[PDB]
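In: need coordinates for the below:
(one chain, ligands or ions: 1)
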Amino acid sequence: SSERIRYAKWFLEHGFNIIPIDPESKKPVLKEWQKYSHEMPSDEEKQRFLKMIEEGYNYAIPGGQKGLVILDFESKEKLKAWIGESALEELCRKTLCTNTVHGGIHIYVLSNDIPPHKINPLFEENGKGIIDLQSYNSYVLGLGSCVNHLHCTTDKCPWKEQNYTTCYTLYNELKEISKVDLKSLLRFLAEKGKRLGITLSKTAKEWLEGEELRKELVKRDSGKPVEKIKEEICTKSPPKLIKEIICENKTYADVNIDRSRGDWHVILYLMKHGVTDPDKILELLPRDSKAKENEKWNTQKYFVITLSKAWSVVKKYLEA
Ligand SMILES: [Zn+2]
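Out: Residues are numbered from 1 along each chain as shown. Below is the structure:
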């Protein structure tokens, strides 16, 4: 009750999107909840979701947004044995870690490099997943939300059909979700897991340890004239940033948004609209775009990397 609202407010205030979870159906209240893994918080939406949680809804934090992944370990006891108490305390000291309702642990981190979709499972032990990486198109239930195990069906619930309630709770204290080198954390987990037979799943390993693109971006383009694209978007009720940049011809500096963040969100929207041709994208970006306003050697690395990441994110999202 009080903790559910206290922490949802904390997340919103730190720039994180939350999504309301219907405590009757245990599922998101919103139809396209996956979009909150990658769109920008709207202040009115923030305000509405907070009120829903005050009214009794649970809430969830989607992965992907802002570089967030949540490492969702089935068993806190297992994680302690796997990495040791000292490494676990360092991790809980560096960033937010929470207890989950069925005895696991969530470790929330930001990273510059994260996968374009959840990886479920991330590590396996005796052929079975024991931790999922929650990234885009996935979420975790939020601090302060609770569950009555009387209504659990999965056999992961130790208390299935007992009238017993537990909650997502602080593992120690509340601290800001911190940035880490995720690939480096994952390599550390793998190193520590070797002696226990805890190993990266195939999908994890291929993300971690391992342009034909342009042609595929061009090939998948819609591929209308730029003027038609502007007309179509501007008559589709776009989000605030998109309206400003695509329809109102404002710069990132005009609307006082970070260049990088502006490019990222504008590019996602366009690719979701079917505008994947890099030159069309470039033409629709404002003049202070980090893809334009840069020393030229940087300009191209940045644009390629951004397009590449955006497209992998859009592809997985549509597939979701
Ligand atoms: Zn349960």
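
In: burial measure for the residue in the stretch 1-150 of the chain that the ion sits nearest to, as a count.
Out: Here the residue of the stretch 1-150 of the chain nearest the ion is residue 149; by CB to the ion that distance is 3.5 Å. Backbone N, C-alpha and C define where each C-beta goes, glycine included. By other CB atoms under 10 Å, 17 other residues sit near residue 149.

In: what do you get for residue 83?
Out: Counted with other CB under 10 Å, residue 83 comes out at 20.

In: ok, for it, nearest residue in space, not its chain neighbours?
Out: Spatial nearest neighbour of residue 83, chain neighbours left out: residue 192 (5.1 Å); criterion: CB to CB, 6 or more residues apart in numbering.

In: biggest helix in this structure, by residue count?
Out: helix 296-319 (DSSP state H).

In: other SSEs contacting it?
Out: When contacts are defined as 3 or more CB pairs under 8 Å, 6 or more residues apart in numbering; DSSP states H and E, helix 296-319 packs onto helix 212-220, helix 259-272, helix 278-284.

In: contacts made by the helix or strand following the first one with the rest, please.
Out: Right, helix 212-220. Scanning forward in sequence from helix 212-220 by DSSP states H and E, the next helix or strand is helix 226-234. The contact list for helix 226-234 (CB atoms under 8 Å, 6 or more residues apart in numbering) reads 222, 224, 242-243, 246-247, 269-270, 273, 275, 280, 283-284.

In: contacts for the next helix or strand after helix 226-234?
Out: Using DSSP H and E, the next helix or strand after helix 226-234 towards the C-terminus is helix 240-242. By CB under 8 Å, 6+ apart, the list of residues contacting helix 240-242 from outside reads 40, 42, 233, 255, 257, 262, 265, 266, 269.

In: pretty sure the second one is touching residue 239, no?
Out: Yes - counting by CB atoms under 8 Å, residue 42 touches residue 239, with 7.3 Å between them.

In: residue numbers of the stretch 101-250 of the chain in contact with the ion?
Out: Within the stretch 101-250 of the chain, the positions adjacent to the ion are 149, 152, 157 by CB under 5 Å from the ion.

In: neighbours of the closest residue to residue 88 other than its chain neighbours, how many?
Out: Closest residue in space to residue 88, ignoring its immediate chain neighbours: residue 80 at 5.6 Å, by CB to CB, 6+ apart. Residue 80: 15 surrounding residues under other CB under 10 Å.

In: quick one: the strands in the chain?
Out: 19-21, 58-62, 68-73, 97-99, 105-110, 119-125, 128-134, 139-141, 146-148, 165-167, 169-170, 198-200 (DSSP state E).

In: in a markdown table: the ones you listed, plus mean neighbour count.
Out: Formatted as a markdown table, the strands of the chain follow (neighbours: other CB atoms under 10 Å):
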| stretch | mean neighbour count |
| --- | --- |
| strand 19-21 | 22 |
| strand 58-62 | 25 |
| strand 68-73 | 24 |
| strand 97-99 | 23 |
| strand 105-110 | 22 |
| strand 119-125 | 21 |
| strand 128-134 | 21 |
| strand 139-141 | 22 |
| strand 146-148 | 17 |
| strand 165-167 | 15 |
| strand 169-170 | 16 |
| strand 198-200 | 19 |
